[PDB]
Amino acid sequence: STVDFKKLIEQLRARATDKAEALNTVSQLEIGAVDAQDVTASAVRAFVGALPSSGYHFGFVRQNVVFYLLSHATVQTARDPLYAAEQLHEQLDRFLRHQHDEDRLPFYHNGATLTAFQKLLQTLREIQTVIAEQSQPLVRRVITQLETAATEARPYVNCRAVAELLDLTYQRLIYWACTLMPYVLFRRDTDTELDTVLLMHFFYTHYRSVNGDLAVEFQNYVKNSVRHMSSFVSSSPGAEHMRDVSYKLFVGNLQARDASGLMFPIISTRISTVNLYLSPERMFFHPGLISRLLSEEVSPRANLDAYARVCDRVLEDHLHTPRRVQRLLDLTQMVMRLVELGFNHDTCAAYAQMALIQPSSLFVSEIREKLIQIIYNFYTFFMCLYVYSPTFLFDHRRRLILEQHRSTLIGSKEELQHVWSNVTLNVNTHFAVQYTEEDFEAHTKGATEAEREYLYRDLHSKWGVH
């Protein structure tokens, strides 16, 4: 969809007599985009020369070509977008120096735009360096540095070049921070023997980068510390979801490949056994238990009050729309709160798929309804989180996920729309992404009516409604 910049320049000067057809030719660049690699110093000089001297926003593009090209240049189609943006800055810097020499729009001038762009690149390069080395604490300090850079780049946040870079860095920082879940931060002194087994297996399989010591901790703990293993082990519904952890417990090694054709006891999914040896707050670390509750394959005398109590606590603590705006540091805290309950992006997807399987007593049916609301609200949260950035790019992706209920679930359209009909989305989607009229009118001080029509048109093609 990206234009051939040089071909667009050739068509531009051949049609420079008709300002209308020259406006339609340059609109292919504004609607689509130009590759940042195609914006060389020589190409900028000819693009300005090919533009009509007056008419529509051609005067704005001529006077402020740096802002205009930055607002339509793309870097995401490059192997390294940050290095591509740096070279884009060099070409725009060569153009300004090799062609030196009105105060209408101060933020949109060439000198103000280019130095603000390099200011962003320097922060992003230092942030990219810190995250690459780590492949008050560093996590909070990089989050603060990025959000300050995004705040200072507010007048340019709608520029495709800086919007893509902020989008690239935010998603990269979010992905890195969501891996920093060490087991020792979530260990409770009240954790039982089954709690510890499921917790260690959870963090070693989902966060091995920061839990490399769990392999020897699990081996030492299982061999020398557990004493009630034969109680919560059996040799039943939901047992197929416990087979991997049951084998590693039976062998005493988290790194053991699934046997050589060996039979072993499975961690019990019996409700009365789980009521004794599992803390109710760790229920979502027990997939076999959640399996039985979702499928309602349970007897009338199984006591489920402890797990219904936990579901109510989760519903009251996390499932409502907050009043204030939730910024990047708030979203990171919520992940750690959800990880504490056993919810990450992967386990929410598996539980959301597990809940689609259709199943009796009303009290068992109510817990399934509570689980579905919890699982699908946190599933939606992790889908928006991994594509979050305070830019129009995330706003579009957010609408596709909420309005269309896009996901990766398996099933016919009938059972897919059936499970979403039994879900009321009140989860925190109040993510920080706002460019309002106060922001707009502050940056368009001396904008003429022809310049304002172009700016409104560019914002509409990126945001849609506002």
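Residue indices: 1-based, along the sequence shown.
Where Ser235 is followed by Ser236 in the displayed chain, the model omits 4 to 9 of the deposited residues that sit between the two. Where coordinates are absent for parts of the deposited sequence, a chain break appears; between neighbours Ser260 and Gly261 there is no such break. Mean C-alpha B-factor is higher over 433-441 than over the other stretch, the pair under comparison being 433-441 and 61-69. Look at the mean CA B-factor for 203-211 and for 251-259 in the entry; the higher one is 251-259.
Of the residues listed, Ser389, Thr196, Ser135, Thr332, the entry assigns the biggest Cα temperature factor to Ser135.
The residue among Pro359, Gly342, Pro280, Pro182 whose C-alpha carries the highest B-factor in the deposited model is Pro359. The PDB entry assigns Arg313 a C-alpha temperature factor belonging to the lowest third of its chain's modelled residues. Compared with the other modelled residues of the chain, the Cα B-factor recorded for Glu240 ranks in the middle third. In this PDB entry, the Cα temperature factor of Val3 sits in the bottom third of its chain's modelled residues, the lowest group. Per the PDB record, residue ranking by Cα B-factor puts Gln122 in the highest third of the chain. In the PDB entry, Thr192 places in the lowest third of its chain by CA B-factor.
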